[PDB]
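[1] Let me see the structure of the following:
(10 chains, ligands or ions: 2)
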Amino acid sequence: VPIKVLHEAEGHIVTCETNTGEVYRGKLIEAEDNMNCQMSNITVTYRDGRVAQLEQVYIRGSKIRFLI
Amino acid sequence: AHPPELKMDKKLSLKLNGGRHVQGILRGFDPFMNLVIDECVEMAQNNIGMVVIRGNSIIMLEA
Amino acid sequence: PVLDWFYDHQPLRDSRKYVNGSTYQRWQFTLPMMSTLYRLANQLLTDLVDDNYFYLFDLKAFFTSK
Amino acid sequence: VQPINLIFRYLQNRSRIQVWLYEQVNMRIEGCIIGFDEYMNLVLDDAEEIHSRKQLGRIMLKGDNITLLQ
Amino acid sequence: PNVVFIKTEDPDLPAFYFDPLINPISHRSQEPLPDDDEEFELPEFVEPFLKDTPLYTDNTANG
Amino acid sequence: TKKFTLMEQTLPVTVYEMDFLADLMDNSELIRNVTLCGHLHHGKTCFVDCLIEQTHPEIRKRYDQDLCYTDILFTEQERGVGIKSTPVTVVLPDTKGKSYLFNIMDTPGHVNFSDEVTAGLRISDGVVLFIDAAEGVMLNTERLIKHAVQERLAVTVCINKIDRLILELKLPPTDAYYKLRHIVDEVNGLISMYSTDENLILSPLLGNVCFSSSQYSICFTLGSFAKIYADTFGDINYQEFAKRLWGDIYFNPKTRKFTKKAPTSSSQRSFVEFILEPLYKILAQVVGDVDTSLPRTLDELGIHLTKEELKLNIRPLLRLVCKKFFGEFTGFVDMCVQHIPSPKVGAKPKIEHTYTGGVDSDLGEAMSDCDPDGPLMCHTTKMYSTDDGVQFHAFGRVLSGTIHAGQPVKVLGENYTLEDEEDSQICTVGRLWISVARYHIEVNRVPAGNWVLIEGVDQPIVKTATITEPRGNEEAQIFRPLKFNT
Amino acid sequence: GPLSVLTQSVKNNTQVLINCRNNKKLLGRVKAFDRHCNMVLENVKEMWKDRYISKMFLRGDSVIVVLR
Amino acid sequence: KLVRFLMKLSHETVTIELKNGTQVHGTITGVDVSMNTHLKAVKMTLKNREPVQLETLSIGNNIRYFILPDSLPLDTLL
Amino acid sequence: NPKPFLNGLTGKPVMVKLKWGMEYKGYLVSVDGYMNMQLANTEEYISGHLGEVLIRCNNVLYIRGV
Amino acid sequence: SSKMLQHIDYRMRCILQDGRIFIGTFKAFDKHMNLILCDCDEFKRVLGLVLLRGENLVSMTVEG
Ligand SMILES: Nc1nc2c(ncn2[C@@H]2O[C@H](COP(=O)(O)OP(=O)(O)OP(=O)(O)O)[C@@H](O)[C@H]2O)c(=O)[nH]1
Ligand SMILES: [Mg+2]
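    Numbering: from 1, shown residues only, chains lettered A, B, ... in the order given. Ligands and ions are numbered 1, 2, ... in the order given. Sure, structure below:
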């Protein structure tokens, strides 16, 4: 039921942790086969806590390990 | 193996694996997440006009 | 399937897919003509299907009786 | 523009194009290109393997070993 | 063990057929069944093994 | 010479090695202790013959007459009936290929020797009950169901001689399903009438019911035959298919889905359409169309046979075709793995029902851990004779400890208690044998939870006895004598 | 194919040394191979000092090179 | 072949080393067709630290090397 | 496809550089379809020459075909 | 795809590929080892319900 939980999380803003170690929070619009989702309002800390803003970010599923 | 879920003919940046990045206009996607970039400016800005990026090193692209 | 060769002296000796040759030692048959032969030999054959008819009427019982 | 047509145009042009190793800036491939396979496997012809570059002839590179080629 | 073998007379009957000489079964408390159409639909091109093969031929009763 | 032997001179190939059996000797989690039991002439001995021919490569059944491996007495050969129960220790693979040690206690099916079966019910942990499909439930099957419930053992049922529904009775396959379901319902009704516990219910969906033909080498559960479809088509998951096969589930090929309601009239169930009807078509193609459509049918099943194998008679050729199709016997092994517990797991109700000191005594928990180290508690019930008939060998399982050859050891009889010490008598151990029916394997150390022949303890023992350490002994009680059914 | 069978015959008749991608060189009798290049070796000493192991199964993703 | 031997040796206590340097020694309870396995009574040694006892540990293909036990004949699975 | 390049590399010398900086040059014996190659009489460094060696499917960053 | 049955309701401790350790009660898992766990407390933070990919989970251990 994880795919239905991921499909039910659309339209909201959630945070996630990168596989390198970074953390980013944003709101997704579309999802891909390999979890290469497109999201906006990305508050990218750039793996050091320095907050930066991004929009319409399409990040592959290999970069982000799990939600946070 | 499919194309990305974002289709594109607009100025956007893309940080690759290892910390490298490009900034240019997208031309198209591939099944192995390979992208074609026109006027790719390096964000680390050298350009060669046309750039081909494989999806194995592709990490995160943002507008 | 037995109509051609039923009354020969050596029935299928000339054929090669049925007998081994003219020494006429081994034979391999097919099931429809085997069922035909089984139907044709109905008068000289038993009606029993198991040896339970020969309970005290078989060879070991007769050896014990002797 | 799909990357297959761009790869075919780069193979037909056979120009010196700088290609970086897969998240590895210590090795760069910039030189003449001889052929490309269906799974993006490349065979070169005396390309520059810049660290310092030293062309030798036939060099085989994997499809996922290329990070950015321009 | 008793050979309960039924001899058939007419060849018009099927080779596998409930004879009147056999006593009827007359079968008259729940089974651990899965949920109805919850999941597990069968994929394409799977089948019983001998679907195109008929159940019995004319030589089956003779054999 | 006294030729009561039927004894092999040398050991066979047996596929695996003896040191692998010695490595699997000591695990006590991959080992199952199984009594095969049922009515007279229900194919238990032929089932052990199929397991032996699967295991032993150079041992083959003759074409005309049935081999009988466990019937080693010449009285059983002349009479044609089982008389004395025989143990066989074998290594068997499951559907997943994991090897398991199996202690199979082939028992006579005549009710007058039914006490012999109870001796096996002292030693084993699980019961496999054989029922003929044509005969149905008989007197000794009901009596052994009652005795297996009252001895508190796991019960699984295989239905042998299903070919008698096909070749002998010529039933339609829906009526064959009705007969099999009637047999399963009668056995479940007998168990529910006898057992106060309702946790155990026999069903093919739960993996409790096998289907077999021991003269044609057919043995399958639903999981093994769904594994046969899984090897034919790798897309499916065979566990959900085995859950969806039996019990009035219908298949819609338009939706490709299994429903509890029949989609059309004259639509068979999933067990009839997927299992029984290809078996009917295989046996009909062999016995009726051996020269016309048999190689086409064998090519549809992926089975290739040589030219000399197609020249065989109908019964050995059908046995060869079913052996090539179903392969090795794996559904029965998976039944005994996932429905008969280990000696480590199932040791506690055995010591609860058997030991007079009970599990509350300290040696009760010493035996309840099934430890190969510590006290040496063994229980010998059955006794076998040699070829000359001079001396006897005791046979029994080891509940705790290890036995060594040459080790002095104490035997305690039935009249032994904590104040009467005249039943105690001390002997050495000559040799230790792993007992396959026609050859014995010399071993040195036998751990707990495993069956063993003891040589040299035959003097102070009458019927059964308990075997204990002579020095370092304690207040060791006696296992209960065998309460017989008759 | 046949080269892998010859390598398995050499590892049965002698000691084969395989250097994995995790900077470990294991010398021993390699018993079994796999389609995913997984190697099962018997009585293998792995140096990364050489530590001895009875039976070692390694996936082919972590392997790098092998020789007789 | 090697996966068949890993499924066949899924009873005795074995030691599995991950790619991250984590080594866990315990009794294998269930091993799937992939490299995912379940172990019990695992005396798992931490990465350059002390070991801890885990009741049930489940491991994708992150394990690099696995130390199979000595119960392996020449034709047990060959 | 590198199938013809693998077929033409039989009995010929080539060099391969690993991802860990190990370059080995020698006569190629056989190469699999997933670029799993085995060689013979190869000299390696990262080392020396040992004879016949094999490589993994993707253990080499670049292979310099001699 | 088989470890989700034994840990259907019990809480578990998960180790991600980034070195993070979390504790939470798993609810369901996908066929590609994408496991959904509620009340995933970061080790000190709280994240609640979160879904982890198959390649993300380096190792797992049973907590509850
Ligand atoms: N039709 C058919 N007959 C079988 C099958 N298996 C065994 N039989 C016959 O059943 C007879 C009796 O079975 P046995 O081999 O003596 O084994 P059993 O049932 O344990 O008999 P006891 O040892 O006396 O208890 C054998 O002689 C076989 O001819 C079978 O699968 N199909
Ligand atoms: Mg018998």
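
[2] So residue F:165, which state does it fall into?
    Secondary structure for residue F:165, judged by DSSP: H, G, I helix; E, B strand; the rest coil, is helix.

[3] Does it touch residue F:134 like I think?
    Yes - the criterion here is CB atoms under 8 Å, and residue F:165 meets it with residue F:134 at 6.7 Å. (Each C-beta comes from the backbone N, C-alpha and C, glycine too.)

[4] higher neighbour count, these two?
    Using other CB atoms under 10 Å in any protein chain shown as the criterion, residue F:165 and residue F:134 rank with residue F:165 on top: 26 against 18.

[5] If we ignore the residues flanking it in sequence, what's nearest that one?
    Counting by CB to CB, 6 or more residues apart in numbering or on different chains, residue F:165 lies nearest to residue F:176, which is 4.6 Å off, once chain neighbours are set aside.

[6] Next, work out how far apart the one you found and residue F:162 are.
    Shown here: residue F:176 relative to residue F:162, a distance of 8 Å by CB to CB, to the nearest Å.

[7] Residue H:60 now?
    For residue H:60, the distance to residue F:162 - CB to CB - is 43 Å.

[8] Could you do residue F:144 as well?
    Looking at residue F:144 against residue F:162, where the rule is CB to CB, the gap reads 21 Å.

[9] So for these two, which residue has more residues nearby?
    Of the pair residue F:144 and residue F:162, residue F:144 is the one with more neighbours under other CB under 10 Å, namely 26 against 23.

[10] My guess is the more buried one contacts residue F:36. True?
    No - applying CB under 8 Å as the test, residue F:144 and residue F:36 come out as separate, 10.6 Å apart.

[11] which non-adjacent residue is nearest the residue of chain C found nearest chain D?
    Residue nearest to chain D within chain C: residue C:17 (53.7 Å; CB to the nearest CB). Excluding its sequence neighbours, the residue lying closest to residue C:17 (CB to CB, 6+ apart) is residue C:28, at 7.6 Å.

[12] Do a quick rundown of the helices in the chain.
    Unless you meant another one, I'm taking chain A. A:2-8 (DSSP state H).

[13] could you do chain I instead?
    Using DSSP H, the helices of chain I run over residues I:3-8.

[14] In it, which residue sits nearest chain B?
    For chain I, CB to the nearest CB, closest residue to chain B: residue I:58, 10.9 Å.

[15] List the residues that contact that residue.
    By CB atoms under 8 Å, 6 or more residues apart in numbering or on different chains, the contact set of residue I:58 is D:62, D:64, I:34, I:35.

[16] what residue lies at the spatial centre of chain H?
    residue H:16 (4.0 Å; CA atoms, centre = their mean).

[17] Check whether it really touches residue H:23, as I assumed.
    Yes - if you go by CB under 8 Å, residue H:16 and residue H:23 touch, sitting 7.1 Å apart.

[18] In chain J, which residue sits closest to ligand 1?
    residue J:2 (35.7 Å; CB to the nearest ligand atom).

[19] That should have said chain D, apologies.
    residue D:39 (55.0 Å).

[20] dump the residue contacts of the residue nearest to that residue when sequence neighbours are not counted.
    In space, residue D:39 comes closest to residue D:63 once its chain neighbours are excluded; the distance is 4.8 Å by CB to CB, 6+ apart. Neighbour list for residue D:63: B:32, B:54, B:56, D:37, D:39, D:40, D:41 [criterion: CB under 8 Å, 6+ apart].

[21] Likewise for residue A:39?
    So residue A:39 contacts A:26, A:27, A:28, A:29, A:57, A:58, A:59 (CB under 8 Å, 6+ apart).

[22] For the fourth one, which non-adjacent residue is closest in space?
    In other words, residue A:29. residue A:38 (5.3 Å).

[23] which bits of chain I sit near chain D?
    I:1, I:2, I:5, I:35, I:58, I:60, I:61, I:62, I:63, I:64, I:65, I:66 (CB under 8 Å from any CB of the partner chain).

[24] Residue F:124 and chain C, how far apart?
    For residue F:124, the distance to chain C (CB to the nearest CB, to the nearest Å) stands at 33 Å.

[25] Touching, that residue and residue F:153? I think so.
    Yes - look at residue F:124 against residue F:153 with CB under 8 Å: they come within range, at 7.4 Å.

[26] where do the helices sit along chain D?
    Using DSSP H, helices in chain D cover D:3-13.

[27] tell me, how many neighbours does the closest residue to ligand 2 within chain D end up with?
    Nearest residue of chain D to ligand 2, counting by CB to the ion: residue D:39, 62.6 Å away. Look at residue D:39: counted by other CB under 10 Å, it has 12 neighbours.

[28] I'd assumed residue I:33 was in contact with it.
    No - with contact defined as CB under 8 Å, residue D:39 does not count as touching residue I:33 (10.8 Å).
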